[PDB]
Every structure is written in structure tokens, then in C-alpha cells.
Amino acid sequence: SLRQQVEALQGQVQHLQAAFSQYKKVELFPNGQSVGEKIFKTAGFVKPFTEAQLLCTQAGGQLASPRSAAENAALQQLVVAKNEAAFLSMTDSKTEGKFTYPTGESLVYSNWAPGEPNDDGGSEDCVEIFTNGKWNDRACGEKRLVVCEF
């Protein structure tokens, strides 16, 4: 009796593994990118930084925080697909010239475009990622593609 029910449970789990794997592909198409244990997903619209940040946090995630070249490339895929530069999570709102993650931690990876960050006009504390994957500091009030990470 026990072997009969373990065999049934094995069939259930194998079915679930197959169905779940299929569903993951469906979900990520066309607005998500999985890299390592992280998933980026775009909302497909633009918002100013504060509104974008709230959308991600309320969804149970945070704004895209690429922490390696591989993460940056995956994010860049969404930016290229939508043809809209995106906000990253990181700001120097606390200490000018020192960019940090929302937790307050200093950057462990950067991909700044030449000459950046430059606090242009003395008022750029947010960060956008271009279709070329490079970063530029930009005014937080500008509207950029919303991309969150989970």
C-alpha cells in the first residue's frame, strides 16, 4: 500500500516539476529575465524614482539592483527590448558622491558611462541604465522605465 502511494506522490511531484518549469518560461515572456537566483521584471511603463521605488517595494521586491556584470546584462536585455532607459535602486541622496543600495550599503559593482556620475547641475542623485548597459546619474524626478527585482 505504501509503495503504491509513494509512486503516486512521485508522479505528482514529477508532473509539478514539468508544469512549473513550463510556467516559468511563460511568466518571464516577454517582461522578465532570470539571472542566478534573481529575477528582473519590467512594469512596461515609466515613473519618477519615488513612484517606481514604491511600486517595487509594495510588490514585495525592490528596484533593479545589478550587482555583477551578469546581472547588468540581464537587466540590459529588458531595457533594450522596451527601448527605454530604467531606474536602478541606488542613490547618493544621503551623502553626495557616495552611491548606496536602499539598505545603505555601498556599491559592490558599478558600470558608469564615461565621466559619470557627474551630479549634473548639482542635482542628480538617482541612476539610469541605458540600452548600452552603461549607467548615468540622473535627476530623481525624471520618468524612467520601472524594473523591479525579486
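Throughout, we count residues from 1 along the sequence that is shown. Between two forms, the rigid core is the largest collection of C-alphas that superpose within 1.5 Å.
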Could you check whether 7-15 or 128-136 drifts more from the shown form in 8 other deposited structures of this protein, using RMS Cα distance once the core is superposed?
-> 7-15
Of 100-108 and 66-74, the stretch with the higher mean C-alpha B-factor in the deposited entry is 100-108
Taking only the CA atoms, which stretch has the higher mean B-factor in the record, 137-145 or 6-14?
-> 6-14
Out of 89, 57, 118, 31, which residue has the highest Cα temperature factor in the PDB record?
-> 57
Lowest, middle or highest third of the chain for the C-alpha temperature factor of residue 43?
-> middle
Please rank the C-alpha B-factors of the chain's modelled residues and tell me whether residue 81 sits in the lowest, middle or highest third.
-> highest
